[PDB]
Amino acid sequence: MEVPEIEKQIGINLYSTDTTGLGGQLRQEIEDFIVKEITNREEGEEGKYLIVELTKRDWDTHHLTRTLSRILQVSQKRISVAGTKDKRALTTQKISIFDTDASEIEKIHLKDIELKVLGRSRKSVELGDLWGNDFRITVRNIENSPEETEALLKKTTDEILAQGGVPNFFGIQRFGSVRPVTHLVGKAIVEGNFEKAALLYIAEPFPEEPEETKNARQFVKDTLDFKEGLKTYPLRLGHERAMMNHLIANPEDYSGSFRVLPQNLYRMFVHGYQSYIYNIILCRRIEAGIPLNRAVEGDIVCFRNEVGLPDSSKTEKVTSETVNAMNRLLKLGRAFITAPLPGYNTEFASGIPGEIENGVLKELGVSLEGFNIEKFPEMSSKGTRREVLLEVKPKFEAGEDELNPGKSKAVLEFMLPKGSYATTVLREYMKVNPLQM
């Protein structure tokens, strides 16, 4: 088949499913993307925190909270969410509001916003206080008929249901906010180059950015005139600006140009390059014909940390004897085949899977001894071992779409746990450019 360069530039280069790309488009209509949160907490009747179910239509969370904070005259902090839902969509979620009574929110009537009291609690709603998110996505404008699409959906589903779900690939958005350069920067540092790792972040324009800022980076990218850059770069880019300043007093000090950014990107770059390698590996293994929900000799799995979450801490290695027991646990949801996120404390697997892992680090010319940045040790990671399959059991629904006469539409509704993304599920169903998505 065919995969966009955009996705091949970040390790991904195929599809666990051999079905045809459903194609089509998304977010054509606000209601075409419904996301309903699943809570993991309970509230009572007491507490200085009012808990409300927020339903918003085509609203940006920051904007909403900034609106409610003005109406209730409290700081933005007093209103928190468990997780930020998409603006262009119809989304429901739980939130908390400090020192506010039920009756007050019954008098607030904003456009495309619905507020419903759930109760009260002595505890605010912190990022993470939710189990998962129910989805109801709708793909429209497919070059197929309702009949040829429903059948196309059932096949894509079947393989999925059989393989256990969809690959746990690192989305194109994970490598960068608006510009996916993290992995590109983490690769230069490892190799030792700081002249490029710093420039790739300071400059290096992308077709996603406005031709204005796009021309600001392009400028210093071929002139290295950081003095001008600190004059053209919009204040919006604090990190890039902070770095150019360090380069005005300390010339050619690209090595320490990273000591201006907090612990955020500080380690995101290296983690990116890791996610990159991890993608490739996950593919090569999908090519080798070794499924993601079945163990083999020296496959290396993980177990849930007694919290219902797979952790790269306790990782038992499967052998020629425990193989029968390992696979038996997978179908019981107590183990998961994992893939390596290269570092300096990585434990390659053995057998066929071990060959794949070593075959990716080989062609890539990767060096485990390289994940120890000399200039920035704090920036050097030892590696981890993320799972491979992303549990998912979708339910499709095909048909004719009114908005696009002659074309068909698909209603994909499933659910994911906090930390996972819907694009990861959609890609196997639409198999289209991540930007056309």
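Start at 1 and count along the sequence shown; that's the residue number.
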Determine, for stretches 22-30 and 61-69, which one has the higher mean CA B-factor as deposited. 22-30
Taking the recorded C-alpha temperature factors, which stretch has the higher mean, 295-303 or 313-321? 313-321
Which is it among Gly83, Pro340, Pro146, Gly132: the one with the largest CA B-factor in the entry? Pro146
Between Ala335, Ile113, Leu230, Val139, which carries the biggest CA temperature factor in the record? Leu230
Sorting by Cα B-factor within the chain, modelled residues only, which third would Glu287 end up in: lowest, middle or highest? middle
Lowest, middle or highest third: which one holds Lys77 when the chain's residues are ordered by CA B-factor from the entry? lowest
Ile356 CA temperature factor, ranked by third within the chain: middle
Where does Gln274 sit by CA temperature factor within its chain: lowest, middle or highest third? middle
Third assignment of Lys187 from its chain's C-alpha B-factors: middle
